[PDB]
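Notes follow once the structure below has been shown.
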Amino acid sequence: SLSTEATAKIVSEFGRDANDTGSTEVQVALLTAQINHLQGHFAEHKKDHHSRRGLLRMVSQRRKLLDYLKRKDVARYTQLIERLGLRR
Amino acid sequence: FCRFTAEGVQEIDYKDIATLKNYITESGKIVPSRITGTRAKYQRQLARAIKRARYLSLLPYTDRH
Amino acid sequence: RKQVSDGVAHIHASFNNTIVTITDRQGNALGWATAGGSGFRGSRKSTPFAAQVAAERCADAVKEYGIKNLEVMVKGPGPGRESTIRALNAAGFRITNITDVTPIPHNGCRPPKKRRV
Amino acid sequence: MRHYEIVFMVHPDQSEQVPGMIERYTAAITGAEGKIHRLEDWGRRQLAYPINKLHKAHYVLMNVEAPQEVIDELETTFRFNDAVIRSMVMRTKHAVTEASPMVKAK
RNA sequence: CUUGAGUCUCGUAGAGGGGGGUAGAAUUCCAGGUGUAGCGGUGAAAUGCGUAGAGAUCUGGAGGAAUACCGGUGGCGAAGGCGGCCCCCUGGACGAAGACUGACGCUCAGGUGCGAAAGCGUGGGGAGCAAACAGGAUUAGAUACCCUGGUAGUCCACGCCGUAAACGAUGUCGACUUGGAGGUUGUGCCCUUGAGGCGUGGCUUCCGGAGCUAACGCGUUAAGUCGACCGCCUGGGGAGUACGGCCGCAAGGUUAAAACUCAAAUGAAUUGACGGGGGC
Ligand SMILES: [Mg+2]
Ligand SMILES: [Mg+2]
Ligand SMILES: [Mg+2]
Ligand SMILES: [Mg+2]
Ligand SMILES: [Mg+2]
Ligand SMILES: [Mg+2]
Ligand SMILES: [Mg+2]
Ligand SMILES: [Mg+2]
Ligand SMILES: [Mg+2]
Ligand SMILES: [Mg+2]
Ligand SMILES: [Mg+2]
Ligand SMILES: [Mg+2]
Ligand SMILES: [Mg+2]
Ligand SMILES: [Mg+2]
Ligand SMILES: [Mg+2]
Ligand SMILES: [Mg+2]
Ligand SMILES: [Mg+2]
Ligand SMILES: [Mg+2]
Ligand SMILES: [Mg+2]
Ligand SMILES: [Mg+2]
Ligand SMILES: [Mg+2]
Ligand SMILES: [Mg+2]
Ligand SMILES: [Mg+2]
Ligand SMILES: [Mg+2]
Ligand SMILES: [Mg+2]
Ligand SMILES: [Mg+2]
Ligand SMILES: [Mg+2]
Ligand SMILES: [Mg+2]
Ligand SMILES: [Mg+2]
Ligand SMILES: [Mg+2]
């Protein structure tokens with residue numbers, strides 16, 4: 001999956017605090033990182049459905065988190081979709 | 001019977017051929033756990049180690065060679 | 001021609017026939033004779049007595065080389081194969097060892113569908 | 001960079017190659033910042049079954065810690081060589097710097 | 001707000017998936033060596049194979065497909081399914097102790113995807129096996145049946161197909177409700193620790209209580225006691241058929257009637273028969 005260093009860096013990047021790993025933004029960012037990574041994987045292993053299942057799962061979970069965020073406070077939602085380049 | 005738990009090895013490596021040939025028939029075939037009483041986890045580890053050894057020609061696949 | 005005095009025997013033993021042939025540590029065969037090579041046919045050619053007579057007519061057919069001991073490569077569960085090996089045992093050969101060389105594939109090929117009744 | 005336990009058997013007639021082949025190989029590894037955690041030779045050693053009509057090849061073990069790129073280059077080196085009759089690399093959970101039931105008993 | 005649901009840290013197990021290597025058996029073929037008249041098959045033979053030298057045996061090679069022992073109703077996966085070994089890429093689960101988010105949840109028509117085998121298209125490959133076909137055993141007649149051959153297919157790539165007794169014949173999620181024996185995988189504590197003893201999770205098998213059920217049975221992994229949502233049924237046959245629509249290259253799939261016809265059809269269990277079976 002994601003290297004510990006990548007997760008730590010992303011947590012620092014989007015985390016309101018150091019150990020704040022539960023905030024919706026850091027979750028969305030982690031899922032986005034992993035999805036962008038797996039893009040290259042599935043570009044090569046097209047017949048690997050069993051992991052594409054997990055990929056699609058985390059895509060849908062990012063969608064659910066984004067919707068929760070957007071309907072909770074649209075400001076942070078806009079900031080996040082700008083930093084990550086999403087909803088497009 | 002519950003040997004490796006009494007010994008406590010963290011992993012049955014393939015190099016220790018001396019401790020393998022007693023889990024092997026004279027024909028070279030692996031002996032089931034229900035005969036040697038090894039715990040299933042270490043039985044799996046033994047199977048993997050034995051297959052690796054057979055590959056490195058430390059043990060024989062069979063006697064027909 | 002020459003002498004060995006301790007050869008190796010091979011009894012290829014099918015359920016329909018039983019062929020026996022000897023060589024000497026080298027695979028260079030010396031003398032062969034089949035249960036079917038003795039006038040027998042049908043189920044008659046698949047009897048341990050046919051094994052007796054085939055053992056005899058190989059031993060005598062190779063006795064020119066005058067061997068005295070034997071390894072035996074028993075292969076295939078032909079009906080009553082101890083018969084021919086002890087026939088040779090009595091034929092003037094101190095059998096050294098027996099070896100089941102029945103070839104066993106590691107799931108290599110799909111077998112044919114067996115008899116249906 | 002991950003840990004590996006490379007073990008290769010070289011044609012015994014070429015046993016005059018090992019003290020230089022290991023040098024070249026560990027040189028590549030250390031140049032790739034690969035920390036050789038163990039190297040062992042068990043010399044010639046009888047084979048459990050013939051390999052290409054041959055017995056008693058020459059065994060070499062080496063536990064290393066290197067990036068996968070250079071060890072892939074290394075196994076390609078193995079493949080294109082001919083003296084090494086058969087190699088095997090396998091990952092391992094840590095670096096092991098210890099004896100072996102070969103050097104401990106031979 | 002933190003109990004639901006998630007995130008992070010440390011680990012553990014695993015035929016989970018994709019890709020690429022590689023190994024050793026065995027089959028067939030080829031090459032020769034040794035070595036002749038049988039081999040093979042069967043009810044018995046014949047077709048077939050063998051004097052151009054088989055078969056048997058030894059050595060070498062080539063090639064394809066599958067991975068004995070381990071192996072366990074053992075494990076993994078949503079299901080279909082997954083079994084040599086090694087590497088690369090990758091999914092999920094579980095445990096310990098914390099920290100973090102703060103209802104972010106459950107279900108799901110339509111929709112999207114996955115989906116055994118056979119089958120279809122294109123191109124490969126093709127050892128074994130083997131629908132169809134051929135031949136031998138062959139009767140008013142050859143089909144039976146058995147043999148000896150044997151193509152498609154089985155394999156790979158990429159497309160379709162989208163159906164199975166696809167079954168646990170049991171939708172998903174949550175809560176609650178006596179026990180006993182196991183398997184497997186963690187983990188805490190501890191006897192002097194190894195062994196071994198107390199715990200505490202996850203998964204899984206078999207008994208059985210209450211209860212439930214027409215009964216058989218199910219029985220903390222419910223077919224018990226409840227809640228949320230979805231799918232589906234309304235006598236048998238006609239019929240999962242016709243027509244129409246949609247989908248598919250095609251085979252067909254999917255959605256889905258009516259006329260007519262019967263007074264039954266069906267489920268579980270009970271008692272006997274069922275002797276060219278057993279035992280005494
Ligand atoms: Mg995750
Ligand atoms: Mg796997
Ligand atoms: Mg071979
Ligand atoms: Mg020949
Ligand atoms: Mg499971
Ligand atoms: Mg993983
Ligand atoms: Mg708070
Ligand atoms: Mg639907
Ligand atoms: Mg599809
Ligand atoms: Mg198919
Ligand atoms: Mg095709
Ligand atoms: Mg074709
Ligand atoms: Mg055939
Ligand atoms: Mg046939
Ligand atoms: Mg015919
Ligand atoms: Mg038939
Ligand atoms: Mg396909
Ligand atoms: Mg159906
Ligand atoms: Mg099934
Ligand atoms: Mg059903
Ligand atoms: Mg439930
Ligand atoms: Mg338990
Ligand atoms: Mg019960
Ligand atoms: Mg239970
Ligand atoms: Mg229920
Ligand atoms: Mg009921
Ligand atoms: Mg009706
Ligand atoms: Mg229809
Ligand atoms: Mg239609
Ligand atoms: Mg059309």
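Convention: chains lettered A, B, ... in structure tokens order; per-chain residue numbering from 1; ligands numbered from 1 as shown.
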Among chain C, which ones does DSSP assign to strand (DSSP E) (computed from the backbone)? Answer as JSON, numbers by chain. {"C": [6, 7, 8, 9, 10, 11, 12, 13, 18, 19, 20, 21, 22, 23, 31, 32, 33, 34, 69, 70, 71, 72, 73, 74, 75, 94, 95, 96, 97, 98, 99, 100]}
With C-alpha atoms kept, could you save the residues just selected as a PDB file, in the first residue's frame?
ATOM      1  CA  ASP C   6      25.073 -60.205 -10.797  1.00  0.00           C
ATOM      2  CA  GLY C   7      22.635 -58.655 -13.257  1.00  0.00           C
ATOM      3  CA  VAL C   8      19.395 -56.710 -13.122  1.00  0.00           C
ATOM      4  CA  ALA C   9      15.949 -57.910 -14.147  1.00  0.00           C
ATOM      5  CA  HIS C  10      12.936 -55.919 -15.300  1.00  0.00           C
ATOM      6  CA  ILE C  11       9.441 -57.339 -15.115  1.00  0.00           C
ATOM      7  CA  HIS C  12       7.139 -54.950 -16.939  1.00  0.00           C
ATOM      8  CA  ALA C  13       3.898 -56.300 -15.531  1.00  0.00           C
ATOM      9  CA  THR C  18       3.956 -59.711 -18.338  1.00  0.00           C
ATOM     10  CA  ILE C  19       7.269 -59.183 -20.109  1.00  0.00           C
ATOM     11  CA  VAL C  20      10.590 -59.893 -18.411  1.00  0.00           C
ATOM     12  CA  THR C  21      13.993 -58.774 -19.647  1.00  0.00           C
ATOM     13  CA  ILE C  22      17.392 -58.545 -18.005  1.00  0.00           C
ATOM     14  CA  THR C  23      20.457 -56.380 -18.469  1.00  0.00           C
ATOM     15  CA  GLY C  31      17.598 -61.856 -22.988  1.00  0.00           C
ATOM     16  CA  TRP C  32      13.877 -61.203 -23.212  1.00  0.00           C
ATOM     17  CA  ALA C  33      10.832 -63.425 -23.365  1.00  0.00           C
ATOM     18  CA  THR C  34       7.164 -62.674 -22.844  1.00  0.00           C
ATOM     19  CA  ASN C  69      22.847 -62.593  -8.776  1.00  0.00           C
ATOM     20  CA  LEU C  70      20.069 -60.215  -9.678  1.00  0.00           C
ATOM     21  CA  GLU C  71      18.438 -56.884  -9.125  1.00  0.00           C
ATOM     22  CA  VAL C  72      14.786 -56.846 -10.159  1.00  0.00           C
ATOM     23  CA  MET C  73      12.918 -53.814 -11.481  1.00  0.00           C
ATOM     24  CA  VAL C  74       9.306 -54.732 -10.826  1.00  0.00           C
ATOM     25  CA  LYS C  75       7.114 -52.178 -12.579  1.00  0.00           C
ATOM     26  CA  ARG C  94      20.805 -64.874  -5.602  1.00  0.00           C
ATOM     27  CA  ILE C  95      18.478 -61.911  -5.994  1.00  0.00           C
ATOM     28  CA  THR C  96      20.202 -58.916  -4.448  1.00  0.00           C
ATOM     29  CA  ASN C  97      17.259 -56.539  -4.055  1.00  0.00           C
ATOM     30  CA  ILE C  98      13.804 -55.760  -5.410  1.00  0.00           C
ATOM     31  CA  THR C  99      12.751 -52.299  -6.560  1.00  0.00           C
ATOM     32  CA  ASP C 100       9.263 -51.020  -7.330  1.00  0.00           C
TER      33      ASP C 100
END
Residues of chain D within 9 Å of chain B, counting only C-alpha atoms - could you list those as a PyMOL selection string? chain D and resi 7-9+46-51+86-88+100-102
Run DSSP on the backbone and grab whatever in range 19-99 of chain C lands in helix (DSSP H, G or I); send it over as a PyMOL selection string. chain C and resi 35-37+42-46+48-62+82-90
Keeping only N, CA and C atoms, write those residues as a tab-separated table (two decimals), in the first residue's frame.
chain	number	residue	atom	x	y	z
C	35	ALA	N	5.33	-63.59	-21.57
C	35	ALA	CA	4.28	-64.56	-21.31
C	35	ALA	C	3.49	-64.86	-22.57
C	36	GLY	N	3.32	-63.86	-23.44
C	36	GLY	CA	2.71	-64.08	-24.72
C	36	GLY	C	3.62	-64.68	-25.76
C	37	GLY	N	4.92	-64.73	-25.50
C	37	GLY	CA	5.86	-65.31	-26.43
C	37	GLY	C	5.99	-66.80	-26.26
C	42	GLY	N	-5.03	-64.71	-24.68
C	42	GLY	CA	-6.15	-64.44	-23.81
C	42	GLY	C	-5.72	-64.39	-22.36
C	43	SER	N	-6.67	-64.68	-21.47
C	43	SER	CA	-6.38	-64.66	-20.04
C	43	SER	C	-5.23	-65.60	-19.69
C	44	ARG	N	-5.04	-66.65	-20.48
C	44	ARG	CA	-3.93	-67.57	-20.22
C	44	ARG	C	-2.60	-66.83	-20.21
C	45	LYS	N	-2.43	-65.87	-21.10
C	45	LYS	CA	-1.17	-65.14	-21.17
C	45	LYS	C	-0.99	-64.15	-20.02
C	46	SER	N	-1.93	-64.08	-19.09
C	46	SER	CA	-1.86	-63.15	-17.98
C	46	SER	C	-1.94	-63.89	-16.65
C	48	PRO	N	0.13	-65.97	-13.36
C	48	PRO	CA	1.43	-66.14	-12.70
C	48	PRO	C	2.19	-67.37	-13.17
C	49	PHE	N	1.49	-68.38	-13.69
C	49	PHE	CA	2.18	-69.51	-14.29
C	49	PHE	C	2.87	-69.11	-15.58
C	50	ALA	N	2.22	-68.25	-16.38
C	50	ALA	CA	2.90	-67.67	-17.53
C	50	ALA	C	4.13	-66.90	-17.09
C	51	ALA	N	4.05	-66.25	-15.92
C	51	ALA	CA	5.23	-65.60	-15.37
C	51	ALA	C	6.32	-66.62	-15.04
C	52	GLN	N	5.93	-67.76	-14.47
C	52	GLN	CA	6.90	-68.82	-14.21
C	52	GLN	C	7.63	-69.21	-15.49
C	53	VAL	N	6.87	-69.50	-16.54
C	53	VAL	CA	7.49	-70.03	-17.75
C	53	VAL	C	8.30	-68.95	-18.46
C	54	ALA	N	7.87	-67.69	-18.37
C	54	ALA	CA	8.66	-66.61	-18.97
C	54	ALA	C	9.96	-66.40	-18.21
C	55	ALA	N	9.91	-66.45	-16.88
C	55	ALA	CA	11.13	-66.40	-16.08
C	55	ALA	C	12.09	-67.50	-16.49
C	56	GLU	N	11.56	-68.72	-16.64
C	56	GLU	CA	12.39	-69.85	-17.03
C	56	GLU	C	13.03	-69.62	-18.39
C	57	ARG	N	12.21	-69.26	-19.39
C	57	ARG	CA	12.73	-69.15	-20.74
C	57	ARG	C	13.53	-67.88	-20.98
C	58	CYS	N	13.57	-66.97	-20.02
C	58	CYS	CA	14.59	-65.93	-20.07
C	58	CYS	C	15.89	-66.39	-19.42
C	59	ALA	N	15.79	-67.00	-18.23
C	59	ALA	CA	16.98	-67.47	-17.55
C	59	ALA	C	17.79	-68.39	-18.45
C	60	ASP	N	17.13	-69.35	-19.09
C	60	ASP	CA	17.86	-70.26	-19.97
C	60	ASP	C	18.34	-69.54	-21.22
C	61	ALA	N	17.56	-68.58	-21.72
C	61	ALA	CA	17.96	-67.84	-22.91
C	61	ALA	C	19.15	-66.94	-22.66
C	62	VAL	N	19.52	-66.69	-21.40
C	62	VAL	CA	20.63	-65.80	-21.12
C	62	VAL	C	21.73	-66.56	-20.39
C	82	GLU	N	5.35	-61.59	-7.63
C	82	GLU	CA	6.24	-62.38	-6.79
C	82	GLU	C	6.49	-63.74	-7.41
C	83	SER	N	5.51	-64.24	-8.17
C	83	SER	CA	5.63	-65.53	-8.83
C	83	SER	C	6.91	-65.61	-9.66
C	84	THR	N	7.05	-64.71	-10.62
C	84	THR	CA	8.19	-64.79	-11.53
C	84	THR	C	9.50	-64.45	-10.84
C	85	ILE	N	9.48	-63.54	-9.86
C	85	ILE	CA	10.73	-63.18	-9.20
C	85	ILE	C	11.25	-64.35	-8.38
C	86	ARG	N	10.36	-65.10	-7.73
C	86	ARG	CA	10.84	-66.28	-7.01
C	86	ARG	C	11.10	-67.45	-7.95
C	87	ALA	N	10.43	-67.50	-9.10
C	87	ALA	CA	10.82	-68.45	-10.13
C	87	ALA	C	12.27	-68.25	-10.53
C	88	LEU	N	12.66	-66.99	-10.75
C	88	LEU	CA	14.05	-66.69	-11.05
C	88	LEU	C	14.95	-66.95	-9.85
C	89	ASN	N	14.47	-66.63	-8.65
C	89	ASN	CA	15.19	-66.96	-7.43
C	89	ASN	C	15.59	-68.43	-7.42
C	90	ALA	N	14.64	-69.30	-7.77
C	90	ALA	CA	14.95	-70.72	-7.88
C	90	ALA	C	15.77	-71.04	-9.11
Which of E:61, E:91, E:24, E:4 sits closest to ligand 1 [using only C-alpha atoms (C1' of nucleotides) and all ligand atoms]: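 The closest residue to ligand 1 is E:91.
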Which residue of E:162, E:71, E:38, E:84 approaches ligand 9 most closely, using only C-alpha atoms (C1' of nucleotides) and all ligand atoms: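 The closest residue to ligand 9 is E:162.
For ligand 12, the protein and nucleic acid residues at most 12 Å away, judged by only C-alpha atoms (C1' of nucleotides) and all ligand atoms, amount to residues 121, 122, 123, 124, 125, 126, 152, 153, 155, 156 and 157 of chain E.
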Just to confirm, what's the straight-line distance from CA of residue 96 in chain D to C1' of residue 14 in chain E in Å (one decimal)?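 Separation of CA of residue 96 in chain D and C1' of residue 14 in chain E: 24.6 Å.
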Can you list, as a VMD selection string, every protein, DNA or RNA residue that comes within 8 Å of residue 3 in chain C when you count only C-alpha atoms (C1' of nucleotides), leaving out same-chain residues fewer than 4 positions away? chain C and resid 65 to 67
Keeping only C-alpha atoms, take the residues you just selected and write them out as a PDB file, in the first residue's frame.
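Everything below was put into part-v3.pdb:
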ATOM      1  CA  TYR C  65      26.185 -65.317 -19.967  1.00  0.00           C
ATOM      2  CA  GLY C  66      25.787 -67.315 -16.743  1.00  0.00           C
ATOM      3  CA  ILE C  67      24.730 -64.672 -14.257  1.00  0.00           C
TER       4      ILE C  67
END
Please determine the contact residues of chain E with respect to chain B at a cut-off of 12 Å, counting only C-alpha atoms (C1' of nucleotides), and supply them as a ChimeraX atom specification. /E:12-14,22-25,68-72,74-75,84-86,183-185,193-196
